[PDB]
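A.B. asks: Please read through the structure below; I'll follow up with questions.
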Amino acid sequence: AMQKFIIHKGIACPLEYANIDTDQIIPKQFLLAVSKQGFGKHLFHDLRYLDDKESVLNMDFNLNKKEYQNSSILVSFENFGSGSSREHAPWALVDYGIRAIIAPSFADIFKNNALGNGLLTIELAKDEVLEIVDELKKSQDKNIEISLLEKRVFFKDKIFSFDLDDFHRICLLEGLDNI
């Protein structure tokens, strides 16, 4: 299920963990083959909730903080999406409202699934990721802007460039369901 991505500006949230795996993204108890409600409530479950009924927030998890309300971009460390195929991992992220993830690298399988689901995966050099995180945390304004046309990320006055296979890119630009 694809959604168009051309230009997006929104609240970015840094998650300073490496190797965020498919179970951290969405645990196995929620991997319903068919649901009506989406999976966003289960995103980052084990990091996000202190209880077992998804009702008590872990306030040490950045996505729970007021400064990160309405996050639509994530900034994480390497090997994001580690694990075997889990189509639900991109689904939980998109259903929560995440449109793009910036990291130094992505697990190959998750990357392709995410791109298939209109979730833009932006690979930056680790130095550039480290710099983003530092500034994002420090800043009152959490907005990052991303142009998939220019293949650039705009944060404050700094500009980063990124790559993406032309086929994946044109699918995201035209919202074509063909991955």
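For the record, in the sequence shown the residue sitting at position 94 is 93 according to the entry's author numbering, with numbers rising by one throughout.
Beta carbons are placed, not taken as given, at the ideal position from N, Cα and C, and that holds for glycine.
1. For my contact list, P103 and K125 are in at a C-beta cut-off of 8 Å; report their separation, rounded to the angstrom.
2. If contact is defined by three or more beta carbon pairs under 8 Å, each pair taking one atom from either stretch, is the segment 48-63 in contact with the segment 76-86?
3. In this structure, does DSSP put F79 in helix, strand or coil?
4. Taking C-alpha atoms, which residue in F4, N18, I145 lies nearest to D107?
5. Flag this pair as yes or no: are the beta carbons of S70 and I143 separated by less than 8 Å?
6. Under DSSP, the beta strand (DSSP E) around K8 begins and ends at which residues?
7. Buried or exposed: which applies to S138, given that a residue is buried once 16 or more other Cβ atoms fall within 10 Å of its Cβ?
C.D. replies: So, from the data block:
1. 4 Å
2. no
3. strand
4. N18
5. no
6. 6-14
7. exposed
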